[PDB]
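J.: This is the content of target25.txt (compact mmCIF, N, CA and C atoms and all ligand atoms):
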# COMPACT_ATOMS: atom_id res chain seq x y z
N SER U 2 26.82 169.06 -5.45
CA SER U 2 28.29 168.93 -5.67
C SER U 2 28.75 167.47 -5.91
N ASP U 3 27.86 166.58 -6.41
CA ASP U 3 28.24 165.17 -6.73
C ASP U 3 28.65 165.11 -8.21
N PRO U 4 29.94 164.83 -8.47
CA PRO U 4 30.40 164.89 -9.86
C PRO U 4 29.70 163.87 -10.75
N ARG U 5 29.27 162.76 -10.16
CA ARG U 5 28.59 161.72 -10.89
C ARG U 5 27.31 162.26 -11.57
N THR U 6 26.65 163.25 -10.96
CA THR U 6 25.37 163.77 -11.44
C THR U 6 25.41 165.22 -11.92
N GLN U 7 26.62 165.76 -12.15
CA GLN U 7 26.81 167.08 -12.79
C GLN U 7 27.11 166.87 -14.28
N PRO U 8 26.14 167.18 -15.15
CA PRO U 8 26.35 167.00 -16.57
C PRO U 8 27.22 168.11 -17.18
N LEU U 9 28.14 167.73 -18.07
CA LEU U 9 28.97 168.67 -18.82
C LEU U 9 28.43 168.92 -20.24
N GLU U 10 27.89 167.88 -20.87
CA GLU U 10 27.33 168.03 -22.22
C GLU U 10 26.40 166.86 -22.49
N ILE U 11 25.38 167.11 -23.31
CA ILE U 11 24.39 166.11 -23.69
C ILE U 11 24.33 166.04 -25.23
N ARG U 12 24.39 164.85 -25.77
CA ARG U 12 24.39 164.65 -27.22
C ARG U 12 23.37 163.60 -27.56
N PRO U 13 22.17 164.01 -27.96
CA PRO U 13 21.24 163.01 -28.46
C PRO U 13 21.55 162.65 -29.92
N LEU U 14 21.90 161.38 -30.16
CA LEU U 14 22.37 160.90 -31.47
C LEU U 14 21.25 160.17 -32.19
N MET U 15 20.69 160.80 -33.22
CA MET U 15 19.53 160.27 -33.92
C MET U 15 19.83 159.01 -34.73
N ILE U 16 21.02 158.91 -35.31
CA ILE U 16 21.33 157.77 -36.17
C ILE U 16 21.52 156.51 -35.31
N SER U 17 22.36 156.58 -34.29
CA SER U 17 22.60 155.47 -33.40
C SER U 17 21.51 155.24 -32.32
N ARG U 18 20.63 156.22 -32.14
CA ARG U 18 19.50 156.15 -31.22
C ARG U 18 19.94 156.00 -29.77
N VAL U 19 20.87 156.88 -29.40
CA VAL U 19 21.39 156.90 -28.03
C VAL U 19 21.65 158.33 -27.63
N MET U 20 21.46 158.57 -26.34
CA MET U 20 21.76 159.89 -25.77
C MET U 20 23.01 159.76 -24.92
N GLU U 21 24.03 160.52 -25.28
CA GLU U 21 25.27 160.56 -24.52
C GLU U 21 25.23 161.73 -23.56
N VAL U 22 25.72 161.51 -22.35
CA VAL U 22 25.86 162.56 -21.35
C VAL U 22 27.24 162.42 -20.73
N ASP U 23 28.02 163.48 -20.80
CA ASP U 23 29.33 163.54 -20.18
C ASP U 23 29.11 164.09 -18.78
N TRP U 24 29.72 163.43 -17.79
CA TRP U 24 29.53 163.79 -16.38
C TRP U 24 30.85 164.25 -15.81
N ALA U 25 30.80 164.92 -14.66
CA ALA U 25 32.01 165.50 -14.03
C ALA U 25 33.00 164.47 -13.44
N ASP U 26 32.57 163.22 -13.16
CA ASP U 26 33.52 162.17 -12.72
C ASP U 26 34.31 161.54 -13.92
N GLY U 27 34.12 162.10 -15.12
CA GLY U 27 34.75 161.61 -16.36
C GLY U 27 33.99 160.51 -17.05
N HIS U 28 32.87 160.08 -16.47
CA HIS U 28 32.08 159.05 -17.10
C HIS U 28 31.22 159.68 -18.22
N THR U 29 30.97 158.92 -19.28
CA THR U 29 29.96 159.27 -20.29
C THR U 29 28.93 158.16 -20.31
N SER U 30 27.67 158.52 -20.07
CA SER U 30 26.59 157.55 -20.19
C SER U 30 26.18 157.50 -21.63
N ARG U 31 25.86 156.30 -22.11
CA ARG U 31 25.27 156.13 -23.42
C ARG U 31 23.98 155.37 -23.17
N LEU U 32 22.86 156.10 -23.18
CA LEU U 32 21.55 155.57 -22.85
C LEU U 32 20.73 155.50 -24.13
N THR U 33 20.24 154.31 -24.51
CA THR U 33 19.44 154.22 -25.74
C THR U 33 18.12 155.00 -25.58
N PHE U 34 17.68 155.57 -26.69
CA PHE U 34 16.35 156.20 -26.72
C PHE U 34 15.27 155.24 -26.23
N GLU U 35 15.37 153.98 -26.64
CA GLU U 35 14.42 152.95 -26.23
C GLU U 35 14.37 152.81 -24.72
N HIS U 36 15.55 152.65 -24.11
CA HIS U 36 15.68 152.51 -22.66
C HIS U 36 15.08 153.70 -21.93
N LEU U 37 15.40 154.90 -22.39
CA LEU U 37 14.86 156.12 -21.80
C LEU U 37 13.31 156.14 -21.88
N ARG U 38 12.78 155.73 -23.02
CA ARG U 38 11.34 155.71 -23.19
C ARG U 38 10.67 154.68 -22.27
N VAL U 39 11.21 153.47 -22.19
CA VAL U 39 10.53 152.45 -21.40
C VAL U 39 10.70 152.70 -19.91
N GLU U 40 11.74 153.43 -19.52
CA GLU U 40 11.93 153.91 -18.12
C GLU U 40 11.48 155.35 -17.88
N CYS U 41 10.75 155.94 -18.81
CA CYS U 41 10.28 157.32 -18.68
C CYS U 41 9.49 157.50 -17.37
N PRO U 42 10.00 158.32 -16.40
CA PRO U 42 9.30 158.48 -15.10
C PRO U 42 7.84 158.88 -15.31
N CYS U 43 7.59 159.64 -16.37
CA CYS U 43 6.25 159.81 -16.91
C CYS U 43 6.15 158.91 -18.13
N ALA U 54 3.28 142.37 -11.98
CA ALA U 54 4.48 142.82 -12.72
C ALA U 54 4.22 143.01 -14.22
N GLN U 55 4.30 144.25 -14.69
CA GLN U 55 4.05 144.50 -16.09
C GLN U 55 5.31 144.33 -16.95
N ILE U 56 5.06 144.02 -18.21
CA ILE U 56 6.08 143.87 -19.23
C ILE U 56 5.92 145.09 -20.11
N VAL U 57 6.91 145.95 -20.10
CA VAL U 57 6.90 147.17 -20.85
C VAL U 57 7.75 146.93 -22.09
N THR U 58 7.12 147.01 -23.26
CA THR U 58 7.77 146.62 -24.51
C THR U 58 7.28 147.50 -25.67
N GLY U 59 7.77 147.25 -26.88
CA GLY U 59 7.29 147.96 -28.08
C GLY U 59 7.82 149.35 -28.39
N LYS U 60 8.96 149.73 -27.80
CA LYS U 60 9.48 151.09 -28.00
C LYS U 60 10.83 151.12 -28.70
N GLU U 61 11.20 150.03 -29.37
CA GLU U 61 12.50 149.96 -30.03
C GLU U 61 12.68 150.99 -31.17
N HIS U 62 11.58 151.42 -31.77
CA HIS U 62 11.66 152.40 -32.84
C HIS U 62 11.41 153.82 -32.39
N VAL U 63 11.25 154.04 -31.09
CA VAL U 63 10.97 155.39 -30.59
C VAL U 63 12.28 156.21 -30.57
N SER U 64 12.18 157.51 -30.90
CA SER U 64 13.33 158.38 -30.79
C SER U 64 13.06 159.57 -29.88
N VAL U 65 14.13 160.17 -29.37
CA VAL U 65 14.07 161.42 -28.65
C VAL U 65 14.14 162.52 -29.71
N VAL U 66 13.07 163.28 -29.82
CA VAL U 66 12.98 164.36 -30.79
C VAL U 66 13.52 165.67 -30.25
N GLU U 67 13.45 165.88 -28.93
CA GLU U 67 14.02 167.05 -28.31
C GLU U 67 14.34 166.82 -26.86
N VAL U 68 15.36 167.53 -26.39
CA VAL U 68 15.85 167.47 -25.02
C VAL U 68 15.81 168.92 -24.54
N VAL U 69 14.99 169.20 -23.50
CA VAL U 69 14.76 170.55 -23.00
C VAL U 69 15.16 170.60 -21.52
N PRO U 70 16.07 171.50 -21.15
CA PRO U 70 16.47 171.54 -19.76
C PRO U 70 15.34 172.04 -18.88
N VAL U 71 15.24 171.47 -17.69
CA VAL U 71 14.22 171.84 -16.73
C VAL U 71 15.01 172.33 -15.52
N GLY U 72 15.00 173.65 -15.33
CA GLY U 72 15.81 174.27 -14.31
C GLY U 72 17.24 173.81 -14.46
N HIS U 73 17.90 173.56 -13.33
CA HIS U 73 19.25 173.01 -13.33
C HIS U 73 19.29 171.54 -12.97
N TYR U 74 18.16 170.92 -12.69
CA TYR U 74 18.15 169.61 -12.05
C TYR U 74 17.68 168.50 -12.98
N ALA U 75 17.06 168.85 -14.11
CA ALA U 75 16.49 167.81 -14.95
C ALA U 75 16.45 168.20 -16.44
N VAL U 76 16.07 167.24 -17.27
CA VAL U 76 15.72 167.48 -18.66
C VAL U 76 14.35 166.83 -18.95
N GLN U 77 13.61 167.47 -19.84
CA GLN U 77 12.37 166.94 -20.35
C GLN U 77 12.73 166.32 -21.69
N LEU U 78 12.38 165.06 -21.88
CA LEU U 78 12.62 164.40 -23.17
C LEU U 78 11.29 164.34 -23.93
N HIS U 79 11.30 164.75 -25.19
CA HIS U 79 10.14 164.61 -26.07
C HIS U 79 10.40 163.44 -27.01
N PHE U 80 9.46 162.51 -27.05
CA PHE U 80 9.61 161.28 -27.80
C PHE U 80 8.74 161.28 -29.06
N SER U 81 9.12 160.43 -30.00
CA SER U 81 8.48 160.36 -31.31
C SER U 81 7.09 159.68 -31.28
N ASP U 82 6.75 158.97 -30.20
CA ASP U 82 5.39 158.45 -30.02
C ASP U 82 4.40 159.47 -29.36
N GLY U 83 4.77 160.76 -29.23
CA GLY U 83 3.91 161.84 -28.64
C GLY U 83 4.15 162.10 -27.14
N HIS U 84 4.85 161.17 -26.51
CA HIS U 84 5.03 161.26 -25.08
C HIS U 84 6.15 162.27 -24.77
N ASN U 85 5.83 163.16 -23.86
CA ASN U 85 6.61 164.40 -23.70
C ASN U 85 6.57 164.94 -22.30
N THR U 86 5.78 164.28 -21.46
CA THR U 86 6.07 164.24 -20.06
C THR U 86 7.30 163.33 -20.06
N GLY U 87 7.87 163.17 -18.89
CA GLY U 87 9.13 162.50 -18.77
C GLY U 87 10.09 163.61 -18.48
N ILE U 88 10.14 163.97 -17.20
CA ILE U 88 11.18 164.86 -16.68
C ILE U 88 12.17 163.88 -16.07
N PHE U 89 13.40 163.92 -16.54
CA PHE U 89 14.44 163.02 -16.08
C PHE U 89 15.44 163.84 -15.29
N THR U 90 15.56 163.55 -14.00
CA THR U 90 16.58 164.24 -13.22
C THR U 90 17.95 163.67 -13.61
N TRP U 91 18.99 164.47 -13.40
CA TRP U 91 20.36 164.03 -13.61
C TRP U 91 20.69 162.76 -12.81
N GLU U 92 20.25 162.72 -11.56
CA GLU U 92 20.43 161.57 -10.69
C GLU U 92 19.79 160.32 -11.31
N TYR U 93 18.55 160.45 -11.78
CA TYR U 93 17.85 159.35 -12.44
C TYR U 93 18.57 158.86 -13.71
N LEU U 94 19.00 159.78 -14.57
CA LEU U 94 19.71 159.41 -15.78
C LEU U 94 20.98 158.65 -15.46
N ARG U 95 21.74 159.14 -14.48
CA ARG U 95 22.94 158.44 -14.07
C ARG U 95 22.64 157.02 -13.56
N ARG U 96 21.58 156.89 -12.77
CA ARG U 96 21.09 155.61 -12.24
C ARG U 96 20.70 154.63 -13.34
N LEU U 97 20.14 155.14 -14.44
CA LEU U 97 19.79 154.27 -15.59
C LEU U 97 21.00 153.63 -16.24
N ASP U 98 22.18 154.21 -16.07
CA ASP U 98 23.41 153.59 -16.59
C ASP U 98 23.66 152.16 -16.03
N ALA U 99 23.18 151.88 -14.82
CA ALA U 99 23.25 150.54 -14.24
C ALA U 99 21.89 149.77 -14.08
N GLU U 100 20.72 150.41 -14.28
CA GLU U 100 19.39 149.79 -14.00
C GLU U 100 18.32 150.04 -15.06
CL CL R 1 20.76 151.87 -22.54
ZN ZN R 2 16.82 150.29 -17.14
Before we go any further, please render this structure as structure tokens.
T.:
Amino acid sequence: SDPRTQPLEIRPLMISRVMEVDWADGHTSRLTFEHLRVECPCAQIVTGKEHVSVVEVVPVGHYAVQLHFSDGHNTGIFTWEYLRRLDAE
């Protein structure tokens, strides 16, 4: 019941390379495909993903989405809580 992490709609935008998520607190996250890829849950310097895109967004139960990326990587289950957290980190 946390409005911050209840998604209303998800819009992966291929041209601008950002995934928008509207949340129940009225916030919309705009998370770049690049950012999502380099923070994919599935000191090092993680780089080289500026040209990667999200090819598909598949819901996982009610708690997460699986993002499929253009570099073949398709593990990466992102919980709603995690996606919201990426808006600041
Ligand atoms: Cl971002
Ligand atoms: Zn980050």
J.: Using DSSP assignments from the backbone, pull out every residue in chain U that falls under strand (DSSP E or B) and give it to me as a ChimeraX atom specification.
T.: /U:8-14,19-24,29-33,65-71,75-80,88-90
J.: Mind running chain U against ligand ZN 2 (chain R) at 6 Å and telling me each contacting residue's nearest atom pair with the distance in Å (one decimal), counting all atoms listed in the file, chain and number ascending, as a Markdown table?
T.:
| residue | atom | partner | partner_atom | distance |
| --- | --- | --- | --- | --- |
| U:97 | CA | R:ZN2 | ZN | 5.2 |
| U:99 | C | R:ZN2 | ZN | 5.9 |
| U:100 | C | R:ZN2 | ZN | 2.6 |
J.: U:41, U:65, U:13, U:98: which is nearest ligand CL 1 (chain R), counting only C-alpha atoms and all ligand atoms?
T.: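 Among the listed residues, U:98 lies closest to ligand CL 1 (chain R).
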J.: I want to know what sits within 7 Å of residue 90 (chain U), based on only C-alpha atoms, with residues of the same chain fewer than 3 positions away left out; could you give that as a PyMOL selection string?
T.: chain U and resi 74-76+93-94
J.: Provide the CA of residue 39 (chain U) to CA of residue 62 (chain U) distance in Å, to one decimal place.
T.: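 For CA of residue 39 (chain U) relative to CA of residue 62 (chain U), the distance reads 11.5 Å.
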J.: List as a PyMOL selection string the protein and nucleic acid residues lying within 6 Å of ligand CL 1 (chain R), with only C-alpha atoms and all ligand atoms counted.
T.: chain U and resi 32-33+36
J.: Quick one: distance from CA of residue 2 (chain U) to CA of residue 26 (chain U) in Å, one decimal?
T.: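 Value for the CA of residue 2 (chain U)-CA of residue 26 (chain U) distance: 11.1 Å.
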J.: As a VMD selection string, please: the residues near residue 60 (chain U) (cut-off 9 Å, only C-alpha atoms, same-chain neighbours under 3 positions excluded).
T.: chain U and resid 34 to 36 38 to 39 57 63 to 64 82
J.: Between CA of residue 5 (chain U) and CA of residue 27 (chain U), what is the spacing in Å?
T.: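 Pair CA of residue 27 (chain U) / CA of residue 5 (chain U) returns 8.2 Å.
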